[PDB]
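Trainee: Fold the following and give me the result.
(3 chains, ligands or ions: 6)
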Amino acid sequence: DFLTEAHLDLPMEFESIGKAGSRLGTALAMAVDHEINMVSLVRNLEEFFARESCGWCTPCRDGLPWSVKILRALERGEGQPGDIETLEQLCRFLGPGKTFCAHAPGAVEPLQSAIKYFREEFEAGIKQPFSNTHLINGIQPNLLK
Amino acid sequence: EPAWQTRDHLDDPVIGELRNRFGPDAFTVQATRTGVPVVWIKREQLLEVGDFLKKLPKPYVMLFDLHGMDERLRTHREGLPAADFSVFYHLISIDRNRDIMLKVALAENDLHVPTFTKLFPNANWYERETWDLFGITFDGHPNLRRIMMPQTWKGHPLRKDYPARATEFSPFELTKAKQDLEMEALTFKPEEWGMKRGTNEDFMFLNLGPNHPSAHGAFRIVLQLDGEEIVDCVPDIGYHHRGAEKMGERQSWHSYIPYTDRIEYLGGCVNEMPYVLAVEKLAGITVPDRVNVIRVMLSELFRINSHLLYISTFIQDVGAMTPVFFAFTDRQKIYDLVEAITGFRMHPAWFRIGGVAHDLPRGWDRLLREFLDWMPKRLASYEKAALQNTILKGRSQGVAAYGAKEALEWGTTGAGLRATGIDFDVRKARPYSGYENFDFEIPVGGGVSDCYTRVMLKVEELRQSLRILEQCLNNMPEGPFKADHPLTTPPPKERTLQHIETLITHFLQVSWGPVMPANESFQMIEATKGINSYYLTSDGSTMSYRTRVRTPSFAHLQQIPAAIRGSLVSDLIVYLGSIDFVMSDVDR
Amino acid sequence: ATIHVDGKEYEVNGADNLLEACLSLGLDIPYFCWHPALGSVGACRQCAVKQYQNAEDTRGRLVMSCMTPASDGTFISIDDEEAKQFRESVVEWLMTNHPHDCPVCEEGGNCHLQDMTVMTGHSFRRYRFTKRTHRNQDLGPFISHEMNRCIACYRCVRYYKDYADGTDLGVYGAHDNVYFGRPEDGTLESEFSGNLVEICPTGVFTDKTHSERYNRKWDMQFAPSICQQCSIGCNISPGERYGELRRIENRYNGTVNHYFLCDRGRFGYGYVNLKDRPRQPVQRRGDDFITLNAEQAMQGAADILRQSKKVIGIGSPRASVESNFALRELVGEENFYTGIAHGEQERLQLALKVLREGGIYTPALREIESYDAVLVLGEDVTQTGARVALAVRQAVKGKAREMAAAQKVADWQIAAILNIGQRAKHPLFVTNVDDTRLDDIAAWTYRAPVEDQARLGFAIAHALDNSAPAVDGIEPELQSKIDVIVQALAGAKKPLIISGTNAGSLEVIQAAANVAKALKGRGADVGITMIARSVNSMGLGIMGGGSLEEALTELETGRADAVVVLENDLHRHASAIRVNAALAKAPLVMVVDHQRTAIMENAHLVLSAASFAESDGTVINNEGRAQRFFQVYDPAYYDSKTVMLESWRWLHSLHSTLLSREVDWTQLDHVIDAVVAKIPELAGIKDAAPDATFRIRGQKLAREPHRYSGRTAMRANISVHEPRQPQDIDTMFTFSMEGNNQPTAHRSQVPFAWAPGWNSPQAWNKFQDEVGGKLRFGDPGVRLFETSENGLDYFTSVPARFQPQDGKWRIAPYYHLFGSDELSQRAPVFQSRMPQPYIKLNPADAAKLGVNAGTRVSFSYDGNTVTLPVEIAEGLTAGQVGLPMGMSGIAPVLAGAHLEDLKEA
Ligand code: SF4
Ligand code: SF4
Ligand code: SF4
Ligand code: SF4
Ligand code: FES
Ligand SMILES: [Ca+2]
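Mentor: Residues are numbered from 1 along each chain as shown, chains lettered A, B, ... in the order given. Ligands and ions are numbered 1, 2, ... in the order given. Structure data below:
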């Protein structure tokens, strides 16, 4: 998980980083400067994680590419309402115990942390209204409220 | 908590009263989606329970329904008493605005129940139909003969082992039944019909047949006449029996809707409404407001259509042959709107589980406004030309009169009940489909229900339906015409045509059928001719395990001998014109 | 064990996982990657439930029910909101790439993915991006491939490789681009590849033979039947639409075949739909072929039979017990002849004597998977009794199962079991004239002539028990192999000895009986299996009668002037010249059959009999189990001119018209009662199925689903008046939807599996007592005989070793799953799958004759110089020619025979 400048004064231990909402991991930290867009960074991370899926189990294999496509749409301002809620649901449903191995919980850790800490950058990519359908001539659509 | 949730109704005071009177172990409370307390009673205590319910401080005064169920193939009977068969008794307390269903379990070998006819006289025909279709005997019945099938019929068609489909036609049996018809009058004996003291040697027995078809259908009345006076008569019905409930066990939940349309063939979407509401209770579907308003508008249009036919045919039966032409022109204006919306005239089959088949087409409001401008002048003209004529009044006023007690004891509903002064309309007492959001009045009579008061009450009902239609036209909500539920059958068509999960849902819903989880649901509506109800039992499959249709015309035709006794035959034909029945409603 | 599901207490088996326990309790949990026969792997993540630590726990966690043991005091919730949301999300993730294909997909209405999409409540699509797409492969003539519809549940590869031991199907690629198929285009090589169309929960693998004349599952007319293509007796559900046999589905029998058929049974049904089948009785009047109805055919045949001085009847192992009995009653017991040759009858009766007098239990097909060592003597099981070979592969995997059970691994955790076992397996030793398809898993394979295989069996029996007769002249290397087999069989807790009549050697069956007796004498729990030839070979053996040679002798000497041939082409059991001469000599030949055979040209009368799809009857399989097959459809429903009756109906009516000059079409239960009254050894066929008066709460059993369509239009082009429903006086089934097919109905004959919400083959879960076990009220079919108290004696007739004589070529039988069975080789889809005709030669023999591979050489048998191309067989012993048994022109009686003047054409 991503951490902010306020978490820099934390000892690099498993217990201390664990209660900050992240993991100690390999303890080889990566710094992100202000010139890096968080949506593009998480898109790069999720592209890596989705293409490195072993393909055994459904949530990682078929839900990481969905997050990749959502982040790609958010990158060029083609996001639609419900995309961030979809990303949050993907983070919740790809956590530990839901997938076969721990590849996908690690995949969704930076996505959920970046949404938690930098939600204004993910909201900035939502420009178009939601459209999943096209009109079919002769059939009046069911306009849900 | 939604209105379709499974409830045991243990908070009903009738459950506490029954527990205090008979004890806690005397009965079993079943949790249903019927909306009523369902109580399983031992067979030996049925008459005691019925008498206790009839003598309550705010008593249960009407036997609404009485029929049977073949429970042998029912797999989900958890919490239910052991039963090969069962008989249910739906009773209504108008003063409480409550109702209770009593269920008696029966073994396969011991298929007999004590008769309910001493407590409620409409139990006569209800028990005759239960004997005819299920083979359940009722001890103490005055004459327990078949009422739907002919007397020389083998088997009981509503049993689960009876084959539903038509058997092979045979000209020999047609010839034999023609011979029975030819020598029916020659070998007529009053004793097998429940008649008595005939041929005194002053009474005559005279049979009425299919000679006056005023759109009600074909049925027979045998009259015992002292000269010109009716001293006794029994109706012979079942000539319009279509096996509609058996077809309910034969079709999917979705594919049974056209059959609901043809139960009361002047009603249309009115007939569709209780069935789709009961299915939606089984599915756990709450329809949006636009669906409620659309269904109310279609129901009121068809109520005006049916009332127009009823009033014009009554005027024709009295003798004035002119207003039927104009009233059918008004029916054509209604049909213009109904054809535009649903694509059909008389049996639209347009309501759906979870909504309606399509959205409203563009320009519906123009046709509704045209009809609402056309109707009132025509109705006033019919009133002045025919209903205020003193010859019609002299033919109809005081003819076949009954009061509140006679209406309650025979299960009379609709305008015949409200002409006795009892204010009981389902759209106000037990509101459904968003009827509580509409401003309309319930016309009631002065206390006495003649032919004339029934006809004028239906005229005021037509005016109130016009008011409801005006409100539907002025405030039609924007939104979906189908619910956002997975059991909405079929799904919205555009998503079906481009989304795979929606296409999958559509594929399985139209082919195998929607799976309704195992429950029992009930819906009662104010139909055009009275109170119509659907009682649906689902055994967890894509077809109904049991579809029981309570129709008001059955009760009205059973009330006929009590109301017409001591009158003339002209009074009888005027009474039949004023009942507002069709034989499809009676025989199902 | 005690579990609490949604606050309700249940008693379950603690050795099961939670998914199979909850499905056995009637609870609905969506699942894809788990199968009852394949174990749990936890791939699809569909079967999530919420497990709590105890009763006073409200948080819980999502677990896989298929990967979680159903241990005592386990608290789970299926209807938990988070579990339902996650299951819907798994369906939604599968739906993101799924093609918009259901109207043009053969799985529609039978699709587990459709059922689980509806079951999870997912009907709204919010995914808006592109769907991944795959190219398809050509998988041969039986299986159609459509990889777009794949949900990557891994069921196909797990079945094909881990269960069926196939090698040419696999998974390729990675992430969301995983592909399931062959490494290149080609026919799927496994004999059990057809089970993929039921194993795959989507429409990736589909029945191509059904796809040609496709119809949906709700439009089918189903009947419970028995596969007629070999002796194993796998239970099938044939489905018919518009008067033609459309599909063969697996009918679950927890005792015999459970979930799986072989490809011959699944795809070899096409002979029923052949347009040259007889549909009316035809009388040959000179050069004219006039068409009769049933009554005048009976009258004319009865008159001619009454004028005859001696009428003989020739039965067949193709025909049912009732048909053979009716022929035997028509002609008399002393005039009844089995249609098989003398050597085949001797081998079949020896196999029968070993089965019902040897004192050694014969296992059912499911029970074979529980044995710890297998010796197959002579019988090429994969080509003759294929499902036995599949069961033997499971019994071979038993060693990994036992090793994993020693390490406290649950029996459903199949990946851990396979990892622990590695390449360890239970001992398997196969003997044949050449290599078999079981050689990949066999501990040893013996390629030798049938006499040498019998001598190896006799030597094994003698080394197991010194009272068994010894074999002189065994080489030390063969002696070491024999000792290896002996210590493998002696150390086994449950040894199984498999043999049969297809090797063409009496001594092979005798040696197998000797080995089984020696193992029984040491106190082992030994089982013996005999593979017969045809569907009712064992029934014809139990009934008995003279051989076809005796019938031909009676026809040739003129002692018999009338012959009635029942369902027998007569060329597979005797030389065609002798059969044709004997039939031309007879002044009356009557042929009762459902296939246009070559002996119908000289037949004076041809009775259009019914095949198994249009008939009812009883067949006795290789283990002696009597099984009833029921009629699928009425052949006269569409074509009203079709007079096609059951063979027993034809013969009973002929007997009645011969005796009393009156017709009697009788009833099936009457014929069964006559069988059990006259033949006490067949008395168990009465209880194979209940009679026609059996009802479920007063109603019959439905043959077709409740949503069967087109009732008022399927015959409307012939006549707008709907015909009468076809009446079934023979059985308890009705030719309509107006009947019972409830999974809780107290019966054992299930025409098809359907439950609300389960339209796929997964509805068999609802029809079982526990998932993967038996049918709820018992599997159908009863065993005719119990294990006898006393066994046989040792067979002392040890044959001499094979010696190659100069100028004489011993015929080594080669069997093919696609081609050796007669009716299935008549199926048009089998012609592409059929191997080209050939003759196998040793390299030394081919070099001595100066021929290479592919050169056409000619040989004469019974005065028929026929020419076949040569292929080189490495494993065939010299002095032998390998011939494909059962093919066109090569009768199965040629096995064990000898060949003269075999030279290059
Ligand atoms: S979470 Fe692990 S097991 Fe599942 S597909 Fe991804 S990498 Fe494979
Ligand atoms: S595999 Fe199933 S869900 Fe997919 S297209 Fe075929 S029927 Fe539809
Ligand atoms: S091809 Fe079928 S069985 Fe194989 S992984 Fe795909 S969906 Fe599963
Ligand atoms: S093993 Fe034999 S009985 Fe079974 S499916 Fe194959 S051919 Fe039919
Ligand atoms: S069935 Fe359990 S994860 Fe697939
Ligand atoms: Ca039959």
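
Trainee: The closest residue to residue B:498 other than its chain neighbours: neighbouring residues, count only.
Mentor: Of all residues not flanking residue B:498 in the chain, residue A:133 sits nearest, at 5.9 Å (C-beta to C-beta, 6 or more residues apart in numbering or on different chains). Where you see a C-beta, it was placed from the backbone N, CA and C, and this is true even at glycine. By other C-beta atoms under 10 Å in any protein chain shown, the residues close to residue A:133 number 16.

Trainee: Wait, residue A:133 touches residue B:502, no?
Mentor: No. Residue A:133 is beyond contact range of residue B:502, at 10.0 Å (criterion: C-beta atoms under 8 Å).

Trainee: Overlap of the contact sets of those two?
Mentor: residue B:495 (C-beta atoms under 8 Å, 6 or more residues apart in numbering or on different chains).

Trainee: need the helices for chain A, in chain order.
Mentor: A:14-19, A:38-51, A:58-75, A:83-93, A:103-117, A:119-123 (DSSP state H).

Trainee: right, I mislabeled it, should have said the stretch 751-900 of chain C
Mentor: C:822-825, C:830-833, C:843-849 (DSSP state H, counting those that start in this stretch).

Trainee: Give me the most central residue, the chain.
Mentor: In the absence of a named chain, this looks at chain A. Centroid-nearest residue in chain A: residue A:111, 3.1 Å away (criterion: C-alpha atoms, centre = their mean).

Trainee: look at chain C instead
Mentor: Most central in chain C (C-alpha atoms, centre = their mean) works out to residue C:234, at 4.3 Å.

Trainee: leaving aside the residues next to it on the chain, what's closest to it?
Mentor: residue C:257 (3.8 Å).

Trainee: With residue C:399 instead?
Mentor: residue C:426 (4.5 Å).

Trainee: again, but for residue C:333
Mentor: residue C:545 (7.9 Å).

Trainee: In contact with the one you found, which residues?
Mentor: Neighbours of residue C:545 in contact, by C-beta under 8 Å, 6+ apart: C:315, C:328, C:333, C:336-338.

Trainee: let's see 6 Å
Mentor: C:336-338 (C-beta atoms under 6 Å, 6 or more residues apart in numbering or on different chains).

Trainee: Also residue C:352?
Mentor: residue C:541.

Trainee: 10 Å instead?
Mentor: C:501, C:530, C:532, C:537-538, C:540-542, C:544, C:620, C:624, C:681, C:785 (C-beta atoms under 10 Å, 6 or more residues apart in numbering or on different chains).

Trainee: quick one, domains of chain B?
Mentor: B:13-139, B:244-587 (curated CATH domains).

Trainee: near ligand 2 at all, the last one?
Mentor: Yes. Using C-beta under 6 Å from any ligand atom, a contact is recorded between domain B:244-587 and ligand 2, made by residue B:504.

Trainee: Which residue, other than its chain neighbours, is closest to whichever residue of the stretch 601-750 of chain C sits closest to chain B?
Mentor: Residue nearest to chain B within the stretch 601-750 of chain C: residue C:698 (3.2 Å; C-beta to the nearest C-beta). Nearest residue to residue C:698, sequence neighbours excluded (C-beta to C-beta, 6+ apart): residue B:161, at 3.2 Å.

Trainee: Could you double-check that that neighbour lies in contact with residue B:108?
Mentor: No. At 11.1 Å, residue B:161 and residue B:108 do not qualify as touching, with contact defined as C-beta atoms under 10 Å.

Trainee: Return every residue with contacts to both of these two.
Mentor: B:70, B:72, C:697-698.

Trainee: Measure how buried residue 130 is and give me the count.
Mentor: Just going to use chain A. Residue A:130 has 13 neighbours, counted by other C-beta under 10 Å.

Trainee: wait, chain C
Mentor: Count around residue C:130 with other C-beta under 10 Å applied: 10.

Trainee: can you check residue C:582 too?
Mentor: Residues near residue C:582, counting by other C-beta under 10 Å, number 23.

Trainee: Kind regards, and thank you for your time.
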